[PDB]
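Visitor: Partial complex follows, first chain(s) only, in situ:
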Amino acid sequence: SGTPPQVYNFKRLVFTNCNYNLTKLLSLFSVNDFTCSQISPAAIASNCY
């Protein structure tokens, strides 16, 4: 929700000890580009961090 900011004033969300479900997060989105560095794309959705 809300107007997203520009690239030099991005808004942060920190996550520590909470349940995340990207199957209901990214279902509201459509990925145009998906790039990752040092991990696989499937590593986030399964490995506990």
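Guide: Yep, it's here. Numbering: from 1, shown residues only, chains lettered A, B, ... in the order given.
Visitor: which ones are touching residue A:22?
Guide: A:44-45 (CB atoms under 8 Å, 6 or more residues apart in numbering). C-betas here are computed from N, CA, C, even on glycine.
Visitor: where does the residue of chain A most remote from its centre land in three-state SS?
Guide: Note on chain A: the largest C-alpha distance from the chain mean falls to residue A:8, namely 18.4 Å (CA atoms, centre = their mean). Look at residue A:8: counting by DSSP: H, G, I helix; E, B strand; the rest coil, its state is helix.
Visitor: From residue A:22, how far out is it?
Guide: 27 Å (CB to CB, to the nearest Å).
Visitor: ok, now chain B:
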Amino acid sequence: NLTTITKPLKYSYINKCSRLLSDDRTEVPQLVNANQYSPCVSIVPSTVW
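Guide: If we add chain B to the chains shown above, we get the following:
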């Protein structure tokens, strides 16, 4: 002073090669091994437009 070999229009390369799964939600990249070709050359011709 060597004309027997010719010149193409431009150079071109691939910057992304991934696949969709049956869920149409997740992208799996492919890494070509030594002295073979990724399957994604089957969809792009020798000259990228």
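Visitor: Excluding covalently adjacent residues, which one is nearest to the residue in chain B that chain A sits nearest to?
Guide: Nearest residue of chain B to chain A (CB to the nearest CB) works out as residue B:27 at 5.5 Å. Excluding the flanking residues, the one nearest residue B:27 by CB to CB, 6 or more residues apart in numbering or on different chains is residue B:18, at 4.5 Å.
Visitor: Hmm, that neighbour is touching residue B:26, no?
Guide: No. At 9.6 Å, residue B:18 and residue B:26 do not qualify as touching, with contact defined as CB atoms under 8 Å.
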